[PDB]
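Presented below, as structure tokens, is a lone chain in the form solved without the RNA.
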């Protein structure tokens, strides 16, 4: 048994709207935009399932469907608005959200602006040492699929594109040697 921490940055590539007229979802303590763990997870899971419910998907993301309750190896935090974004956007006078009319019948839609970065954390639970590499390959695949799709609303009109970067993998509990694990971007 071991826990492996995967951390890095999610960068908004096109305006991101994940909702709670239509405000974006926020961290209740800071009032800043947040990318909920369940949004990231839901898309990774769906995209990976669609790529191959399939045991490689299930053991990674779990299932609460009737008769087959398997626990998730992979836990996905909320991704929080980074300090670096705060400092950079503040100094250079860049908007971190903005509100547009949709495409008094138009809805008013807020989005997180491109260049906004969020710190993310995934925790991987080593329930089976022999499966870690295949699992990390599948996590990598899921991230790639997510980068070629979108999060949130307005996806099919171009919104919600994101990019993962500056990822780091550390064994935080246990002796599993994770130094050879790597999430290859693109």
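Numbering follows the first chain given and starts at 1.
Keep in mind that the form solved in complex with the RNA is missing from the display, and what follows is about it.
Q: Contact with the RNA in the bound PDB entry for residue 136, defined as at least one heavy atom pair within 4.5 Å: yes or no?
A: Close contact is absent here: in the bound PDB entry, residue 136 is far from the RNA, nothing within 4.5 Å, heavy atoms only.
Q: Quick check on residue 19: any heavy atom within 4.5 Å of the RNA in the bound PDB entry?
A: Residue 19 belongs to the contact set for the RNA.
Q: Since only the chain is shown here, I'm wondering whether residue 129 would be in contact with the RNA in the bound PDB entry (any heavy atom pair within 4.5 Å).
A: Contact check for residue 129: no, nothing within 4.5 Å of the RNA in the bound PDB entry.
Q: Would you please decide whether residue 65 lies within 4.5 angstroms of the RNA in the bound PDB entry, comparing each non-hydrogen atom pair?
A: Judged by the heavy-atom cut-off of 4.5 Å, residue 65 is in contact with the RNA in the bound PDB entry.
Q: Taking the RNA in the bound PDB entry, which residues of 132-156 have any heavy atom within 4.5 Å of it?
A: 150, 152, 153, 154, 155, 156, in sequence order.
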